[PDB]
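**Student:** Got a sequence here, can you build the structure:
(7 chains)
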Amino acid sequence: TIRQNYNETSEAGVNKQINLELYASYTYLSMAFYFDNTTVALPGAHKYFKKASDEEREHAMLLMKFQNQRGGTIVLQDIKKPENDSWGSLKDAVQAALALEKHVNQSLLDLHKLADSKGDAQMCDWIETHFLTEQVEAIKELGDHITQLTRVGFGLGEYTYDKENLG
Amino acid sequence: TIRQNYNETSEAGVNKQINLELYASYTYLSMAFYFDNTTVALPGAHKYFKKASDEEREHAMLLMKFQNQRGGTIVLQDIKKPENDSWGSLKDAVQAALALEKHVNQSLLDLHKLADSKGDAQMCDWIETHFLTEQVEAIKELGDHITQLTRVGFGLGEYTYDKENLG
Amino acid sequence: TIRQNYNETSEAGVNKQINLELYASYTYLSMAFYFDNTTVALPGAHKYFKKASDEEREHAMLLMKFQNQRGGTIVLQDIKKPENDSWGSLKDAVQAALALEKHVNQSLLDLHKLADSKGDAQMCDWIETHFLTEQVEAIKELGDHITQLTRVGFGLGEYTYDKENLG
Amino acid sequence: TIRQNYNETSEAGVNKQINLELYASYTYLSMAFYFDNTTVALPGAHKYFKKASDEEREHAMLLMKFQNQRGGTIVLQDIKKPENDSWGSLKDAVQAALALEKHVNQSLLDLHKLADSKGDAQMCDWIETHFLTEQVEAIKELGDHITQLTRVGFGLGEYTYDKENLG
Amino acid sequence: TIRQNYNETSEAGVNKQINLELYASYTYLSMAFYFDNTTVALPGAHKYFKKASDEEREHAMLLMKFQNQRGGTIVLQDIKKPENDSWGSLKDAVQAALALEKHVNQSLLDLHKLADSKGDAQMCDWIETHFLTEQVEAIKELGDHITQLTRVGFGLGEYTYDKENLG
Amino acid sequence: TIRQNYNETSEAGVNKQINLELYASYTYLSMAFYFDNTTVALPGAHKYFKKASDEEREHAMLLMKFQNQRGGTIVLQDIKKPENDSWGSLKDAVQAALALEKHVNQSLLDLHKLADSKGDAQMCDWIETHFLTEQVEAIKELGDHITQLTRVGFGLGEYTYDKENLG
Amino acid sequence: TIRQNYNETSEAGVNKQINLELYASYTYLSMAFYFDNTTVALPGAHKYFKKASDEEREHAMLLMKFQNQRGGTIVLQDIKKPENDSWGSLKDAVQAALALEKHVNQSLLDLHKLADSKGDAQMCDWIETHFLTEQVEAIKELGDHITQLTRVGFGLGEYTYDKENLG
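**Tutor:** Residues are numbered from 1 along each chain as shown, chains lettered A, B, ... in the order given. Find the structure here:
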């Protein structure tokens, strides 16, 4: 019996967060191959979102590794399909991604407000060390990608930011 | 308009196969972290299934890349959760995996019997080149893993095949 | 006598395909040196289409190598001049190449449907291995090039996609 | 005078934790040289527990380094002898270490709950950074070791997990 | 149970094809050491056919690997002795090898025609990938050998082609 | 809009803390060039404080980066001149630096106490990771410098500690 | 307008020479793969004519590059098929080659005599630099090839000069 100072409501939030980080992985993967369809054809975005889809997958496994470390149990659920089939312009996908990370961001803090509420000190710093700080930077990198894609404008500017920056 | 000699029923089978190869990726990922829970604690199996979950993910992207190459359109659906939460013994997971690959195997041939039926010659050899031959070997490697795990027996034999072979 | 299971009508479709792949190599060479004339002045397209003219010449030699391998005999015909002397904008030349590849694609499939009808199993896999999949990638890349040249537009965009992508 | 926001009760819990980490380093050293006696003869456990005794001695020096850093003063007490002279089978020693780590874990958390109560923000993150997560991994690995030593059994299995894993 | 979509009649043709490729490794072996007899003394042909005898042995093992991979059961029969104890001149042996490869070629296509009739798609491409194309090249090279051995003539030319080309 | 869980009062404390770390980079700069004046002539202290002046400048940029990362808005005020034009002896400067670091230390904890009161979890660990622990080490090293500068005494010892330790 | 001192008859004489070299490259290609057919099977001649086929293609692109450098316009006509389908013996192909190079030679001197009548001083030296001297060396090499092939005679001699010289 290795479980020590691990509430069962903190355990259910880890399962909820795992399914969430997998949902992001499955939306980015839609974005990535949306930019691969011949009617879009933005290769840099295809690479950029394909790494991002692989990185949100990393999030879920980390939370699955943590769940096993503390003594809980991984309870998986369905990964719902993304909320669109086409993602519009390059700006429109990045705007969609920002609101996704902001959703995951709030869910992570609520998970941290829950751990601090059950006095789960190790879970708090495990949330700080791996997620809280990484999430702000991703939002900031996204928020800086939107402002740039607005600047360059449609067309040649939309292509140039795909090759040079995301590629 | 790049679409040439690509039936729309061959297109729906690619979508069905993509969701399938993602279902396998999400079952292996359950197996992988099932073997990571402290009540199981078989590290070699955790690595072995974590690569396998990453490899079935490769299957889906390949079929998503193909879908975009021929001119179709990727229509994603929910990835259903695996059919168990605990996977029993190391033999029991490998037996479960074999019946999974055999399920994907039959679905791939049916997809190839469909393409040959619509005279889709390039899709047939794209199924031959990447999936048909790779699927038999995985089944054979699994069928050879079961027979070995039956030989070594429970306990020390179950651990030894985890470290030496899968690890 | 090396000829075995090589129908005589399968042998005529090979010579037809040889004269076809030489017509494409000779069309791209017109495109390549059209983009070299001082009134066009797009070097990346000149390089891009000069390698493609060499590559379709590779297609024909492969088909001539095969004809001799199966015991047939090569029968050359005239290489008709291209359908145009000037090829318009950079988008217009890529749209003509796409229209040309899709014709060669249909004739290869027709040649493959001809091989399977005569039970020429070895000829079928030879067309699978060297052309059918290579030809789908050729169409997908072209259709992606057109999508981008449409995005960047005329003027600076036509020069931009000429230097960075095609060259 | 360097002492700032360092409560005097936070200072006593540090000395208590120092004497605690020295008691663990001295218990593992008993275990390490128990597994070196000719009647046990398990070298991989001897090496494994001799590095752990050095590592808990590292814990205490970290806590002594911290005490001096915050302006406190180190007050040493006696290092009580371990609760046993012999430690039974290989599984029995790993189960005692687990029972020992979980005690040290509770005292670290108690020490952390003591730091947060006195608004000692820097002491809280110092306990987060060096111990809390390192201590969850120590418990998870031990509980995984017990699961395996149970699987392999006695006799050959107790020797096997001693040579390949612990050594 | 790994067997899936592997007809029992397709399994018989593999056992048959194994005994055939073994018959070809034993004929080339006879040819390889006929040219080593002091009354013949063509070392280049002794090297050439010995590699051929080792390569048709490879064929039998590839088919035996496939038989095990598809879940079947390898059934061996007698390897009949070659049809000649002496093989005449260098042209006469290469002409004999050409008639041998063409017999194996017809039995492979009949095996492939048997695989295609039972809908065994994987077996078909497996025969395509490893045999149908390799066999036509082996025949084409033997027919060219016969054409070149007829050009140089008997005597000196029969020695020259042995040293320079076969060796 | 990237701002999330970033109270407006927490934003004011960052602007304040930026102006503070700028005040510390401008005081150490005064100290660094006081020790360069010919009537002082302590080069090791001129090197030591110049690195300190560059390092507190780093602090201000880290806080300005964080202000932009969290979506806030950097507001700059005057950087007030230091409290002295001459800094006395080497002990007197290190004693002055210790009182400076302790002022910054208290304002950081008050900033952290402000971040904790608004539930700003990310800001708290961001202050933990980059400041709270770095600040206690800076203070501990200054107090040890004062203790060592008191041991060696004025004159020769005041020169020895400058060359060997600070330089 | 870059055109300067470039007559319009010299321009039509460059377009005629382009179609001539292209007819020469398409004849050598017929010769090369004629020597690849199994009833001929002369590998050294296949390689030799494939380089000469590729070499005469280079003549055509040099002239097209020249046509573009002088301000003109490339006008392409049909490349007529070679005058034979089978080329006889290796002596017979080199004799036909020599006659073809002598024809291109006179057409180049006629084009140099056409440029010298229009006072086109740069077109003269451009023909001298790239063609006139290369062509005489090509004619001297073919006539040298014809004298040797007659020396070695038919049969074994025709093979040896194929392997050793043309290979």
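**Student:** Show me the contact partners of stretch A:154-164.
**Tutor:** Contacting residues not belonging to stretch A:154-164 are listed as A:42-45, A:89-91, A:148-149, A:151-152, C:148, C:151-153, C:156-157, C:160-161, C:164 [CB atoms under 8 Å, 6 or more residues apart in numbering or on different chains]. From N, CA and C alone the C-beta is placed, and that goes for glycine too.
**Student:** got the residues of chain A near chain C?
**Tutor:** Proximity of chain A to chain C (CB under 8 Å from any CB of the partner chain) is limited to residues A:38-41, A:155-156, A:158-160, A:163.
**Student:** ok, so of those, who is nearest residue B:49?
**Tutor:** Top of the list for closeness to residue B:49, among those and by CB to CB, is residue A:40 at 34.3 Å.
**Student:** burial count for the residue lying closest to that closest one once chain neighbours are set aside?
**Tutor:** In space, and not counting its chain neighbours, residue A:40 is closest to residue A:34: 6.2 Å by CB to CB, 6 or more residues apart in numbering or on different chains. Residues lying near residue A:34 (other CB atoms under 10 Å in any protein chain shown) number 26.
**Student:** got the contact list for residue A:34?
**Tutor:** Applying CB under 8 Å, 6+ apart, we find residue A:34 in contact with A:40, A:85-87, A:93, B:74.
**Student:** Can you turn the buried part of the residues you listed into a PyMOL selection?
**Tutor:** Under the burial definition 16 or more other CB atoms under 10 Å in any protein chain shown, those of the contacts of residue A:34 that qualify are selected in PyMOL by:
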select buried, (chain A and resi 40+87+93) or (chain B and resi 74)
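**Student:** and the contacts of residue A:34, which of them are in strands?
**Tutor:** Counting by DSSP state E, no part of the contacts of residue A:34 is found in strands.
**Student:** would you turn the contacts of residue A:34 into TSV with distance to residue D:17?
**Tutor:** Rendered in TSV, the data for the contacts of residue A:34 read as follows (distance: CB to CB, whole Å):
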residue	distance to residue D:17
A:40	59
A:85	57
A:86	58
A:87	53
A:93	51
B:74	57
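**Student:** and which of the contacts of residue A:34 is nearest chain D?
**Tutor:** Nearest to chain D among the contacts of residue A:34 is residue A:93, at 35.7 Å by CB to the nearest CB.
**Student:** Can you show me the helices along chain A?
**Tutor:** In chain A, the helices defined using DSSP state H lie at A:8-34, A:43-70, A:90-117, A:121-127, A:133-152, A:156-161.
**Student:** Can you say which of the residues of chain A next to chain C are buried?
**Tutor:** A:38, A:40-41, A:156, A:158-160, A:163.
**Student:** ok, those vs residue B:142, which is closest?
**Tutor:** Distance to residue B:142, by CB to CB, is smallest for residue A:38 among those, at 36.9 Å.
**Student:** can you count the residues close to the nearest residue to the closest one once chain neighbours are set aside?
**Tutor:** Once flanking residues are discounted, residue A:38 sits nearest to residue C:143: 4.7 Å by CB to CB, 6+ apart. For residue C:143, the number of neighbouring residues by other CB under 10 Å comes to 22.
**Student:** Residue C:88 versus residue C:143, what's the distance?
**Tutor:** Note on residue C:143: its distance to residue C:88, by CB to CB, to the nearest Å, is 18 Å.
**Student:** residues in contact with the residue lying closest to residue A:43 once chain neighbours are set aside?
**Tutor:** In space, and not counting its chain neighbours, residue A:43 is closest to residue A:167: 6.6 Å by CB to CB, 6+ apart. With contacts taken as CB under 8 Å, 6+ apart, residue A:167 has the following neighbours: A:43-44, A:47-48.
**Student:** Show me the one in these that has more neighbours than the rest.
**Tutor:** residue A:48 (24 neighbours).
**Student:** isn't that one right next to residue A:166, touching?
**Tutor:** Yes: taking contacts as CB atoms under 8 Å, residue A:48 lies within contact range of residue A:166: 3.9 Å.
**Student:** Just give me the neighbour total for residue A:150.
**Tutor:** Here the number of neighbours of residue A:150 (other CB under 10 Å) works out to 12.
**Student:** give the contact list for it.
**Tutor:** With the criterion set at CB under 8 Å, 6+ apart, residue A:150 makes contact with residue A:91.
**Student:** ok, 10 Å please
**Tutor:** Neighbouring residues of residue A:150 by CB atoms under 10 Å, 6 or more residues apart in numbering or on different chains: A:91, A:94-95, A:157.
**Student:** Quickly check these for the two that are furthest apart.
**Tutor:** Maximum pairwise distance among the contacts of residue A:150 (CB to CB): 15.9 Å, between A:95 and A:157.
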